[PDB]
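In what follows, a single structure is set out as structure tokens and then discussed.
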Amino acid sequence: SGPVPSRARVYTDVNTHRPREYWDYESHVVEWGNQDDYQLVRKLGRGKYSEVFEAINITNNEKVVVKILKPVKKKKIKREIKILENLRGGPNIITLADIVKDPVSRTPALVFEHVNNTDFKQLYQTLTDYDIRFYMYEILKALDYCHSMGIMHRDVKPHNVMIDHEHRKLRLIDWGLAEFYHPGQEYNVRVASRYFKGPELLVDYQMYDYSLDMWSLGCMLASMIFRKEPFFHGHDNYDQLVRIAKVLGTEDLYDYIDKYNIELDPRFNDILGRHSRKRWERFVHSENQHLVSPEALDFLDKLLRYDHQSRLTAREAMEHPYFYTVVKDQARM
Ligand SMILES: Brc1cc(Br)c2[nH]nnc2c1
Ligand SMILES: [Cl-]
Ligand SMILES: [Cl-]
Ligand SMILES: [Cl-]
Ligand SMILES: [Cl-]
Ligand SMILES: [Cl-]
Ligand code: NA
């Protein structure tokens, strides 16, 4: 018999209750602008699917970011555009400003409102306890918003969080792997960077949901409070699950595989072994102790579960005692 089906605990049917056109990105008609409205200033970064530049909008002299979409399925381009259009104006969501093609090369590019090219990975190993809580709360605002809008990011990692530390502002970027959540849909498991992949991806459980992003967020939190980059340091996708099993233990892993009737790749049969669930105290030392609290560990424990249904939702996470002082300072301001 096949895998047992799964549904999101929250925002399950939000796309069903929308007009078809909200989520039917294959049918979306893009009005392509002229990239000659912009002048590229300098190259900022190189990605698998994109080259990214600082640019000037000639018309108003406003600074922008241009992402030139490296050759890829047209379906994937419409998906990213539609998701960015749907999420435009959401809290801590990057703002799509324009969609253009190079008149010569015909290559499509996305134009975003300017953010500094200071990604979270550059800062997140140097934060105070309070700033970790503050910026985690800001990421959760973006995730609860996109989940509530029927979208899962599927590539949450430090390199996809842009931060202006001076102005205490954060944006979640690179929506190129994001998808619409539809109950009963089986998704591609070849998403996310190795160190942030949830167990559902690693065991090839395809009927996953928004909760994938909450695993990735837990991997970021563990890295930051323990000053361990990455927290789960696998050699490859098989060893990645071994790294997780040595921390979360094998008892809960095999119970998860039994619950969803998952057919575990034979490769796993000799490498997972038998491991106790480790107390988080084992990762605490003199250099990270100032970032670790009972509140931080209680919260982390409730993100890093094998069973995606067990993990906190983004809104449940925002309710956790770890954020009480952030929530109080926000109301004060
Ligand atoms: Br602004 C901005 C910056 C980068 Br780097 C992005 N990668 N994908 N979308 C982006 C938007
Ligand atoms: Cl601190
Ligand atoms: Cl990263
Ligand atoms: Cl998919
Ligand atoms: Cl590890
Ligand atoms: Cl222990
Ligand atoms: Na402590």
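Every chain in the structure tokens has a letter given in the order shown (A, B, ...), and although residue numbers restart at 1 in each chain, ligands are simply numbered from 1 in the order shown.
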Name the residues in contact with residue A:35 at a cut-off of 12 Å, using only C-alpha atoms, excluding same-chain residues fewer than 2 positions from it; report them as a compact mmCIF listing (two decimals) with N, CA, C and O atoms, in the first residue's frame.
# COMPACT_ATOMS: atom_id res chain seq x y z
N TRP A 32 5.47 42.13 -20.33
CA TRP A 32 6.94 42.27 -20.20
C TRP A 32 7.32 43.72 -20.50
O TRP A 32 6.97 44.22 -21.59
N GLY A 33 7.99 44.37 -19.54
CA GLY A 33 8.51 45.74 -19.67
C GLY A 33 9.83 45.76 -20.42
O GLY A 33 10.26 44.70 -20.93
N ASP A 37 14.72 50.66 -19.36
CA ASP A 37 14.25 51.62 -18.31
C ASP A 37 15.25 51.64 -17.14
O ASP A 37 15.15 52.55 -16.30
N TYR A 38 16.16 50.67 -17.07
CA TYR A 38 17.10 50.49 -15.95
C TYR A 38 18.53 50.55 -16.49
O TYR A 38 18.74 50.29 -17.69
N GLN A 39 19.46 50.96 -15.64
CA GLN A 39 20.91 50.82 -15.93
C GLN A 39 21.52 50.02 -14.79
O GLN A 39 21.30 50.40 -13.62
N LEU A 40 22.25 48.96 -15.11
CA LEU A 40 22.92 48.11 -14.10
C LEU A 40 24.14 48.86 -13.59
O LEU A 40 24.88 49.43 -14.43
N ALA A 55 20.88 48.33 -9.63
CA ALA A 55 20.55 49.08 -10.85
C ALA A 55 19.89 50.39 -10.44
O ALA A 55 19.57 50.59 -9.26
N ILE A 56 19.78 51.29 -11.42
CA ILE A 56 19.09 52.60 -11.31
C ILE A 56 17.90 52.56 -12.25
O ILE A 56 18.08 52.14 -13.41
N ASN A 57 16.74 52.98 -11.74
CA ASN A 57 15.57 53.35 -12.56
C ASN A 57 15.86 54.76 -13.06
O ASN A 57 15.84 55.68 -12.24
N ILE A 58 16.15 54.89 -14.36
CA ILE A 58 16.48 56.18 -15.05
C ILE A 58 15.40 57.22 -14.75
O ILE A 58 15.74 58.37 -14.40
N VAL A 66 17.95 44.15 -9.71
CA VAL A 66 17.52 43.39 -10.92
C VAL A 66 18.03 41.96 -10.80
O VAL A 66 19.25 41.77 -10.62
N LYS A 67 17.13 41.01 -10.93
CA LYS A 67 17.43 39.57 -10.91
C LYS A 67 17.21 39.05 -12.33
O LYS A 67 16.07 38.99 -12.77
N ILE A 68 18.29 38.74 -13.06
CA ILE A 68 18.16 38.23 -14.45
C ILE A 68 17.97 36.71 -14.36
O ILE A 68 18.87 36.03 -13.84
N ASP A 98 8.85 45.59 -11.07
CA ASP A 98 8.70 45.56 -12.55
C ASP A 98 9.14 44.19 -13.04
O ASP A 98 9.85 43.45 -12.34
N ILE A 99 8.70 43.88 -14.25
CA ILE A 99 9.01 42.61 -14.95
C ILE A 99 9.42 43.03 -16.36
O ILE A 99 8.61 43.69 -17.01
N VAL A 100 10.63 42.69 -16.77
CA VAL A 100 11.20 43.24 -18.03
C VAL A 100 11.89 42.13 -18.80
O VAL A 100 12.20 41.07 -18.25
N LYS A 101 12.08 42.38 -20.09
CA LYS A 101 12.92 41.52 -20.96
C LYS A 101 13.97 42.41 -21.61
O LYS A 101 13.65 43.58 -21.94
N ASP A 102 15.19 41.90 -21.76
CA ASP A 102 16.25 42.57 -22.55
C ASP A 102 15.79 42.60 -24.00
O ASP A 102 15.49 41.55 -24.58
N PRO A 103 15.68 43.79 -24.63
CA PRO A 103 15.18 43.92 -26.00
C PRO A 103 15.95 43.05 -27.00
O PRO A 103 15.34 42.50 -27.89
N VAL A 104 17.27 42.94 -26.79
CA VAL A 104 18.19 42.14 -27.66
C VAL A 104 18.03 40.65 -27.30
O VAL A 104 17.40 39.93 -28.10
N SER A 105 18.54 40.23 -26.14
CA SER A 105 18.70 38.81 -25.74
C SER A 105 17.36 38.15 -25.40
O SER A 105 17.33 36.90 -25.34
N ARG A 106 16.30 38.93 -25.15
CA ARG A 106 14.92 38.44 -24.84
C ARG A 106 14.91 37.75 -23.46
O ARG A 106 13.87 37.14 -23.12
N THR A 107 15.99 37.85 -22.68
CA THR A 107 16.11 37.21 -21.35
C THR A 107 15.21 37.94 -20.36
O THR A 107 15.27 39.16 -20.25
N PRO A 108 14.36 37.21 -19.59
CA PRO A 108 13.48 37.85 -18.61
C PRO A 108 14.25 38.21 -17.33
O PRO A 108 15.19 37.52 -16.97
N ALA A 109 13.83 39.29 -16.68
CA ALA A 109 14.43 39.79 -15.42
C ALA A 109 13.33 40.36 -14.53
O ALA A 109 12.36 40.93 -15.02
N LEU A 110 13.52 40.21 -13.22
CA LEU A 110 12.61 40.79 -12.21
C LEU A 110 13.30 41.98 -11.57
O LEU A 110 14.50 41.92 -11.30
N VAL A 111 12.55 43.03 -11.33
CA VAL A 111 13.05 44.27 -10.71
C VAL A 111 12.38 44.41 -9.35
O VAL A 111 11.13 44.39 -9.30
Would you mind listing, for every residue of stretch 175-208 of chain A within 12 Å of stretch 250-260 of chain A, the two atoms forming the shortest contact and the distance between them in Å to one decimal, using only C-alpha atoms, sorted by chain and ascending residue number, as a Markdown table?
| residue | atom | partner | partner_atom | distance |
| --- | --- | --- | --- | --- |
| A:199 | CA | A:253 | CA | 8.8 |
| A:200 | CA | A:257 | CA | 9.7 |
| A:202 | CA | A:257 | CA | 11.6 |
| A:203 | CA | A:257 | CA | 8.5 |
| A:204 | CA | A:257 | CA | 10.7 |
| A:205 | CA | A:260 | CA | 8.4 |
| A:206 | CA | A:260 | CA | 10.9 |
| A:207 | CA | A:260 | CA | 10.1 |
| A:208 | CA | A:260 | CA | 11.4 |
Self-check item: Counting only C-alpha atoms, the option among A:272, A:192, A:162, A:152 closest to residue A:211
Solution: A:152
Quiz item: Which residues, written as number ranges by chain, have at least one atom at most 8 Å from residue A:226, with only C-alpha atoms counted and residues fewer than 6 positions away on the same chain left out?
Solution: A: 283-284, 288-289, 291-292
Selection export as a PDB file, in the first residue's frame, atoms kept: N, CA and C atoms:
ATOM      1  N   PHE A 283      24.718  20.716  23.475  1.00  0.00           N
ATOM      2  CA  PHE A 283      25.232  21.685  22.465  1.00  0.00           C
ATOM      3  C   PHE A 283      25.630  23.012  23.122  1.00  0.00           C
ATOM      4  N   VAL A 284      25.392  23.161  24.425  1.00  0.00           N
ATOM      5  CA  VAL A 284      25.637  24.423  25.180  1.00  0.00           C
ATOM      6  C   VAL A 284      27.089  24.429  25.662  1.00  0.00           C
ATOM      7  N   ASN A 288      28.407  30.036  23.748  1.00  0.00           N
ATOM      8  CA  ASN A 288      27.005  30.209  23.265  1.00  0.00           C
ATOM      9  C   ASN A 288      25.995  30.299  24.418  1.00  0.00           C
ATOM     10  N   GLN A 289      26.418  30.068  25.669  1.00  0.00           N
ATOM     11  CA  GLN A 289      25.483  29.927  26.819  1.00  0.00           C
ATOM     12  C   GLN A 289      24.600  31.179  26.934  1.00  0.00           C
ATOM     13  N   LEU A 291      23.167  32.850  24.724  1.00  0.00           N
ATOM     14  CA  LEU A 291      22.067  32.840  23.716  1.00  0.00           C
ATOM     15  C   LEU A 291      21.058  31.737  24.019  1.00  0.00           C
ATOM     16  N   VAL A 292      21.398  30.831  24.926  1.00  0.00           N
ATOM     17  CA  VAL A 292      20.564  29.638  25.216  1.00  0.00           C
ATOM     18  C   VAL A 292      19.830  29.905  26.523  1.00  0.00           C
TER      19      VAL A 292
END
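Between atom CA of residue A:213 and atom CA of residue A:325 the interatomic distance comes to 24.1 Å.
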Quiz prompt | Expected answer as a VMD selection string: residues within 6 Å of ligand 1, only C-alpha atoms and all ligand atoms | solution = chain A and resid 52 65 94 112 114 to 115 173 to 174
Would you mind exporting the chosen residues as an mmCIF file, in the first residue's frame, restricted to N, CA, C and O atoms?
data_model
loop_
_atom_site.group_PDB
_atom_site.id
_atom_site.type_symbol
_atom_site.label_atom_id
_atom_site.label_comp_id
_atom_site.auth_asym_id
_atom_site.auth_seq_id
_atom_site.Cartn_x
_atom_site.Cartn_y
_atom_site.Cartn_z
ATOM 1 N N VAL A 52 22.282 38.660 -10.033
ATOM 2 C CA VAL A 52 21.588 39.764 -9.310
ATOM 3 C C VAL A 52 22.468 41.009 -9.328
ATOM 4 O O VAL A 52 23.678 40.889 -9.059
ATOM 5 N N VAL A 65 16.950 46.555 -7.392
ATOM 6 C CA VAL A 65 17.701 45.294 -7.586
ATOM 7 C C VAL A 65 17.102 44.581 -8.790
ATOM 8 O O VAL A 65 15.860 44.449 -8.889
ATOM 9 N N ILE A 94 9.789 40.840 0.120
ATOM 10 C CA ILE A 94 10.397 41.680 -0.932
ATOM 11 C C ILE A 94 9.326 42.148 -1.916
ATOM 12 O O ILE A 94 8.384 41.389 -2.208
ATOM 13 N N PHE A 112 13.177 44.526 -8.307
ATOM 14 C CA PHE A 112 12.699 44.634 -6.911
ATOM 15 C C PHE A 112 13.033 46.002 -6.339
ATOM 16 O O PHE A 112 14.050 46.635 -6.738
ATOM 17 N N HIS A 114 14.748 48.348 -3.712
ATOM 18 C CA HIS A 114 16.127 48.195 -3.203
ATOM 19 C C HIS A 114 16.110 47.709 -1.752
ATOM 20 O O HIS A 114 15.301 48.207 -0.964
ATOM 21 N N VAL A 115 16.951 46.731 -1.462
ATOM 22 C CA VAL A 115 17.364 46.324 -0.089
ATOM 23 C C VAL A 115 18.885 46.201 -0.158
ATOM 24 O O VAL A 115 19.396 45.910 -1.249
ATOM 25 N N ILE A 173 13.546 36.868 0.771
ATOM 26 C CA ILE A 173 13.797 36.987 -0.685
ATOM 27 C C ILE A 173 13.811 35.590 -1.325
ATOM 28 O O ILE A 173 13.636 34.586 -0.637
ATOM 29 N N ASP A 174 14.045 35.573 -2.628
ATOM 30 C CA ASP A 174 14.196 34.387 -3.509
ATOM 31 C C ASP A 174 13.016 33.440 -3.355
ATOM 32 O O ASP A 174 13.124 32.352 -2.751
#
Self-check item: Selection: 10 Å around residue A:219, only C-alpha atoms, excl. self and same-chain fewer than 3 positions, as a PyMOL selection string
Solution: chain A and resi 156-158+195-198+213-216+222-224+229-232+300+303-304
Please produce a file of those selected residues containing N, CA, C and O atoms, as a PDB file, in the first residue's frame.
ATOM      1  N   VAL A 156      13.806  28.467   2.840  1.00  0.00           N
ATOM      2  CA  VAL A 156      14.135  29.327   3.995  1.00  0.00           C
ATOM      3  C   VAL A 156      15.546  28.949   4.457  1.00  0.00           C
ATOM      4  O   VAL A 156      15.837  27.750   4.714  1.00  0.00           O
ATOM      5  N   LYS A 157      16.427  29.937   4.454  1.00  0.00           N
ATOM      6  CA  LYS A 157      17.832  29.766   4.892  1.00  0.00           C
ATOM      7  C   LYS A 157      18.390  31.162   5.080  1.00  0.00           C
ATOM      8  O   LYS A 157      17.835  32.122   4.572  1.00  0.00           O
ATOM      9  N   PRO A 158      19.512  31.314   5.815  1.00  0.00           N
ATOM     10  CA  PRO A 158      20.052  32.643   6.087  1.00  0.00           C
ATOM     11  C   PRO A 158      20.338  33.490   4.844  1.00  0.00           C
ATOM     12  O   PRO A 158      20.119  34.682   4.891  1.00  0.00           O
ATOM     13  N   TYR A 195      21.316  21.525   4.097  1.00  0.00           N
ATOM     14  CA  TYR A 195      21.368  21.643   5.575  1.00  0.00           C
ATOM     15  C   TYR A 195      20.002  22.029   6.147  1.00  0.00           C
ATOM     16  O   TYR A 195      19.793  21.848   7.351  1.00  0.00           O
ATOM     17  N   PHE A 196      19.096  22.519   5.306  1.00  0.00           N
ATOM     18  CA  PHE A 196      17.779  23.049   5.736  1.00  0.00           C
ATOM     19  C   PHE A 196      16.642  22.134   5.287  1.00  0.00           C
ATOM     20  O   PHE A 196      15.478  22.479   5.540  1.00  0.00           O
ATOM     21  N   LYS A 197      16.950  21.039   4.608  1.00  0.00           N
ATOM     22  CA  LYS A 197      15.909  20.111   4.113  1.00  0.00           C
ATOM     23  C   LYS A 197      15.215  19.417   5.285  1.00  0.00           C
ATOM     24  O   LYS A 197      15.898  18.803   6.119  1.00  0.00           O
ATOM     25  N   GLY A 198      13.887  19.428   5.286  1.00  0.00           N
ATOM     26  CA  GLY A 198      13.127  18.696   6.299  1.00  0.00           C
ATOM     27  C   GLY A 198      13.189  17.198   6.045  1.00  0.00           C
ATOM     28  O   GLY A 198      13.458  16.748   4.929  1.00  0.00           O
ATOM     29  N   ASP A 213       8.665  24.822   5.930  1.00  0.00           N
ATOM     30  CA  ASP A 213       9.363  26.094   6.218  1.00  0.00           C
ATOM     31  C   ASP A 213       9.706  26.176   7.705  1.00  0.00           C
ATOM     32  O   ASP A 213      10.695  26.836   8.071  1.00  0.00           O
ATOM     33  N   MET A 214       8.905  25.559   8.560  1.00  0.00           N
ATOM     34  CA  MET A 214       9.117  25.646  10.021  1.00  0.00           C
ATOM     35  C   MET A 214      10.285  24.753  10.442  1.00  0.00           C
ATOM     36  O   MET A 214      11.010  25.122  11.373  1.00  0.00           O
ATOM     37  N   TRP A 215      10.510  23.639   9.748  1.00  0.00           N
ATOM     38  CA  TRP A 215      11.752  22.854   9.945  1.00  0.00           C
ATOM     39  C   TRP A 215      12.959  23.729   9.597  1.00  0.00           C
ATOM     40  O   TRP A 215      13.919  23.831  10.397  1.00  0.00           O
ATOM     41  N   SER A 216      12.951  24.341   8.415  1.00  0.00           N
ATOM     42  CA  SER A 216      14.075  25.184   7.948  1.00  0.00           C
ATOM     43  C   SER A 216      14.345  26.286   8.970  1.00  0.00           C
ATOM     44  O   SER A 216      15.507  26.567   9.299  1.00  0.00           O
ATOM     45  N   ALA A 222      18.679  26.917  15.588  1.00  0.00           N
ATOM     46  CA  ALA A 222      19.685  26.068  16.258  1.00  0.00           C
ATOM     47  C   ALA A 222      21.074  26.608  15.927  1.00  0.00           C
ATOM     48  O   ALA A 222      21.922  26.712  16.827  1.00  0.00           O
ATOM     49  N   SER A 223      21.320  26.924  14.654  1.00  0.00           N
ATOM     50  CA  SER A 223      22.631  27.454  14.204  1.00  0.00           C
ATOM     51  C   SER A 223      22.979  28.690  15.032  1.00  0.00           C
ATOM     52  O   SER A 223      24.116  28.772  15.537  1.00  0.00           O
ATOM     53  N   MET A 224      22.030  29.608  15.181  1.00  0.00           N
ATOM     54  CA  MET A 224      22.237  30.931  15.821  1.00  0.00           C
ATOM     55  C   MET A 224      22.450  30.779  17.334  1.00  0.00           C
ATOM     56  O   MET A 224      23.421  31.366  17.850  1.00  0.00           O
ATOM     57  N   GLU A 229      27.355  26.242  12.593  1.00  0.00           N
ATOM     58  CA  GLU A 229      26.935  26.515  11.200  1.00  0.00           C
ATOM     59  C   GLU A 229      27.508  25.456  10.267  1.00  0.00           C
ATOM     60  O   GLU A 229      28.731  25.388  10.102  1.00  0.00           O
ATOM     61  N   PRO A 230      26.681  24.597   9.628  1.00  0.00           N
ATOM     62  CA  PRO A 230      25.249  24.477   9.926  1.00  0.00           C
ATOM     63  C   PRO A 230      25.040  23.593  11.156  1.00  0.00           C
ATOM     64  O   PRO A 230      25.953  22.920  11.605  1.00  0.00           O
ATOM     65  N   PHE A 231      23.805  23.518  11.643  1.00  0.00           N
ATOM     66  CA  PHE A 231      23.512  22.687  12.827  1.00  0.00           C
ATOM     67  C   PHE A 231      23.555  21.203  12.449  1.00  0.00           C
ATOM     68  O   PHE A 231      24.137  20.390  13.201  1.00  0.00           O
ATOM     69  N   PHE A 232      22.913  20.836  11.337  1.00  0.00           N
ATOM     70  CA  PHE A 232      22.902  19.455  10.794  1.00  0.00           C
ATOM     71  C   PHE A 232      23.794  19.436   9.557  1.00  0.00           C
ATOM     72  O   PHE A 232      23.411  19.961   8.524  1.00  0.00           O
ATOM     73  N   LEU A 300      12.745  25.777  20.179  1.00  0.00           N
ATOM     74  CA  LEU A 300      13.492  25.000  19.171  1.00  0.00           C
ATOM     75  C   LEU A 300      12.953  23.577  19.102  1.00  0.00           C
ATOM     76  O   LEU A 300      12.762  23.040  18.000  1.00  0.00           O
ATOM     77  N   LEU A 303       9.939  23.119  16.910  1.00  0.00           N
ATOM     78  CA  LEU A 303      10.125  23.280  15.442  1.00  0.00           C
ATOM     79  C   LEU A 303      10.733  22.014  14.856  1.00  0.00           C
ATOM     80  O   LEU A 303      10.330  21.602  13.765  1.00  0.00           O
ATOM     81  N   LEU A 304      11.743  21.445  15.518  1.00  0.00           N
ATOM     82  CA  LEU A 304      12.513  20.315  14.949  1.00  0.00           C
ATOM     83  C   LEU A 304      11.855  18.990  15.334  1.00  0.00           C
ATOM     84  O   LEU A 304      12.313  18.302  16.259  1.00  0.00           O
TER      85      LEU A 304
END
Exercise. Using DSSP on the backbone coordinates, identify all residues within stretch 16-225 of chain A classified as strand (DSSP E); present the result as a ChimeraX atom specification.
Key: /A:33-34,38-46,50-57,62-69,96-101,108-113,151-152,161-164,169-172,179-180
For those residues, write C-alpha atoms to a file as a PDB file, in the first residue's frame.
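The result, written out as result10.pdb:
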ATOM      1  CA  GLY A  33       8.513  45.735 -19.670  1.00  0.00           C
ATOM      2  CA  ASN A  34      11.711  47.174 -21.220  1.00  0.00           C
ATOM      3  CA  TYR A  38      17.102  50.486 -15.946  1.00  0.00           C
ATOM      4  CA  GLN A  39      20.912  50.818 -15.929  1.00  0.00           C
ATOM      5  CA  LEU A  40      22.917  48.111 -14.103  1.00  0.00           C
ATOM      6  CA  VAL A  41      25.432  49.595 -11.583  1.00  0.00           C
ATOM      7  CA  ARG A  42      27.240  46.480 -10.243  1.00  0.00           C
ATOM      8  CA  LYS A  43      26.909  42.705  -9.781  1.00  0.00           C
ATOM      9  CA  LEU A  44      25.766  41.814  -6.194  1.00  0.00           C
ATOM     10  CA  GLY A  45      25.621  37.969  -6.259  1.00  0.00           C
ATOM     11  CA  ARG A  46      25.593  34.765  -8.387  1.00  0.00           C
ATOM     12  CA  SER A  50      19.843  34.031 -11.293  1.00  0.00           C
ATOM     13  CA  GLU A  51      22.492  36.772 -11.580  1.00  0.00           C
ATOM     14  CA  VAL A  52      21.588  39.764  -9.310  1.00  0.00           C
ATOM     15  CA  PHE A  53      22.571  43.435  -9.831  1.00  0.00           C
ATOM     16  CA  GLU A  54      22.188  46.840  -8.216  1.00  0.00           C
ATOM     17  CA  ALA A  55      20.546  49.083 -10.848  1.00  0.00           C
ATOM     18  CA  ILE A  56      19.087  52.598 -11.305  1.00  0.00           C
ATOM     19  CA  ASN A  57      15.568  53.347 -12.564  1.00  0.00           C
ATOM     20  CA  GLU A  62      15.526  55.326  -7.648  1.00  0.00           C
ATOM     21  CA  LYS A  63      17.909  52.426  -6.789  1.00  0.00           C
ATOM     22  CA  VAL A  64      16.496  48.917  -7.529  1.00  0.00           C
ATOM     23  CA  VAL A  65      17.701  45.294  -7.586  1.00  0.00           C
ATOM     24  CA  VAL A  66      17.522  43.394 -10.915  1.00  0.00           C
ATOM     25  CA  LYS A  67      17.435  39.566 -10.914  1.00  0.00           C
ATOM     26  CA  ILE A  68      18.156  38.226 -14.454  1.00  0.00           C
ATOM     27  CA  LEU A  69      16.378  34.805 -14.671  1.00  0.00           C
ATOM     28  CA  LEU A  96       8.399  43.184  -7.023  1.00  0.00           C
ATOM     29  CA  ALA A  97       8.493  46.586  -8.839  1.00  0.00           C
ATOM     30  CA  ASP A  98       8.698  45.559 -12.545  1.00  0.00           C
ATOM     31  CA  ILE A  99       9.011  42.615 -14.951  1.00  0.00           C
ATOM     32  CA  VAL A 100      11.201  43.243 -18.029  1.00  0.00           C
ATOM     33  CA  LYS A 101      12.919  41.522 -20.960  1.00  0.00           C
ATOM     34  CA  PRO A 108      13.482  37.846 -18.612  1.00  0.00           C
ATOM     35  CA  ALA A 109      14.428  39.792 -15.423  1.00  0.00           C
ATOM     36  CA  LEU A 110      12.611  40.789 -12.210  1.00  0.00           C
ATOM     37  CA  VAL A 111      13.049  44.274 -10.709  1.00  0.00           C
ATOM     38  CA  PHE A 112      12.699  44.634  -6.911  1.00  0.00           C
ATOM     39  CA  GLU A 113      12.569  47.697  -4.627  1.00  0.00           C
ATOM     40  CA  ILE A 151       2.145  29.770  -0.390  1.00  0.00           C
ATOM     41  CA  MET A 152       5.109  27.825   1.043  1.00  0.00           C
ATOM     42  CA  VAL A 161      16.952  36.738   4.529  1.00  0.00           C
ATOM     43  CA  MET A 162      18.177  40.292   3.751  1.00  0.00           C
ATOM     44  CA  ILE A 163      18.687  42.487   6.849  1.00  0.00           C
ATOM     45  CA  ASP A 164      19.283  46.231   7.355  1.00  0.00           C
ATOM     46  CA  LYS A 169      14.452  45.751   8.906  1.00  0.00           C
ATOM     47  CA  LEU A 170      14.278  42.243   7.362  1.00  0.00           C
ATOM     48  CA  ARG A 171      13.034  40.935   3.973  1.00  0.00           C
ATOM     49  CA  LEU A 172      12.479  37.300   2.914  1.00  0.00           C
ATOM     50  CA  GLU A 179       4.749  26.876  -4.462  1.00  0.00           C
ATOM     51  CA  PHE A 180       1.009  27.091  -3.858  1.00  0.00           C
TER      52      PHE A 180
END
Quiz item: Of the residues A:182, A:302, A:311, A:121, which is the one nearest to ligand 3, using only C-alpha atoms and all ligand atoms?
Solution: A:121
Practice problem: Step by step, measure atom-to-atom distances between ligand 4 and each residue using only C-alpha atoms and all ligand atoms, keep those at most 9 Å, then write them as a list in words. | Solution: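 The neighbouring residues of ligand 4 are, in order, residues 177, 178, 179, 180, 185, 186, 187, 188, 189, 190, 191 and 206 of chain A.
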Using N, CA, C and O atoms, can you export the residues from the last selection as an mmCIF file, in the first residue's frame?
data_model
loop_
_atom_site.group_PDB
_atom_site.id
_atom_site.type_symbol
_atom_site.label_atom_id
_atom_site.label_comp_id
_atom_site.auth_asym_id
_atom_site.auth_seq_id
_atom_site.Cartn_x
_atom_site.Cartn_y
_atom_site.Cartn_z
ATOM 1 N N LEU A 177 11.662 29.072 -5.587
ATOM 2 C CA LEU A 177 11.280 27.670 -5.270
ATOM 3 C C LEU A 177 9.906 27.616 -4.605
ATOM 4 O O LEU A 177 9.413 26.510 -4.359
ATOM 5 N N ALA A 178 9.267 28.751 -4.368
ATOM 6 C CA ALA A 178 7.974 28.782 -3.661
ATOM 7 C C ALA A 178 6.888 28.106 -4.497
ATOM 8 O O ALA A 178 6.938 28.108 -5.731
ATOM 9 N N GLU A 179 5.915 27.518 -3.809
ATOM 10 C CA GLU A 179 4.749 26.876 -4.462
ATOM 11 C C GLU A 179 3.452 27.252 -3.752
ATOM 12 O O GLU A 179 3.446 27.693 -2.588
ATOM 13 N N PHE A 180 2.348 27.037 -4.461
ATOM 14 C CA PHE A 180 1.009 27.091 -3.858
ATOM 15 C C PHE A 180 0.708 25.766 -3.170
ATOM 16 O O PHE A 180 0.914 24.681 -3.780
ATOM 17 N N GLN A 185 -1.963 17.520 -2.949
ATOM 18 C CA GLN A 185 -0.955 17.646 -4.032
ATOM 19 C C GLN A 185 0.348 16.976 -3.572
ATOM 20 O O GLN A 185 0.740 17.125 -2.391
ATOM 21 N N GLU A 186 0.982 16.229 -4.467
ATOM 22 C CA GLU A 186 2.324 15.653 -4.219
ATOM 23 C C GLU A 186 3.354 16.579 -4.861
ATOM 24 O O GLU A 186 3.238 16.902 -6.054
ATOM 25 N N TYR A 187 4.326 17.021 -4.074
ATOM 26 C CA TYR A 187 5.313 18.035 -4.485
ATOM 27 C C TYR A 187 6.666 17.383 -4.745
ATOM 28 O O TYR A 187 6.958 16.297 -4.228
ATOM 29 N N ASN A 188 7.475 18.073 -5.541
ATOM 30 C CA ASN A 188 8.908 17.768 -5.770
ATOM 31 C C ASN A 188 9.652 17.818 -4.434
ATOM 32 O O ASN A 188 9.553 18.840 -3.740
ATOM 33 N N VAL A 189 10.412 16.778 -4.096
ATOM 34 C CA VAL A 189 11.219 16.796 -2.846
ATOM 35 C C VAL A 189 12.604 17.407 -3.095
ATOM 36 O O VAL A 189 13.328 17.631 -2.117
ATOM 37 N N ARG A 190 12.956 17.706 -4.348
ATOM 38 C CA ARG A 190 14.285 18.278 -4.697
ATOM 39 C C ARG A 190 14.224 19.803 -4.565
ATOM 40 O O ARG A 190 14.458 20.506 -5.565
ATOM 41 N N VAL A 191 13.933 20.283 -3.357
ATOM 42 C CA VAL A 191 13.825 21.723 -3.026
ATOM 43 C C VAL A 191 14.674 21.919 -1.776
ATOM 44 O O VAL A 191 15.028 20.903 -1.119
ATOM 45 N N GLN A 206 6.054 13.134 -0.284
ATOM 46 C CA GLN A 206 5.751 14.236 -1.237
ATOM 47 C C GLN A 206 4.555 15.088 -0.795
ATOM 48 O O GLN A 206 4.427 16.199 -1.330
#
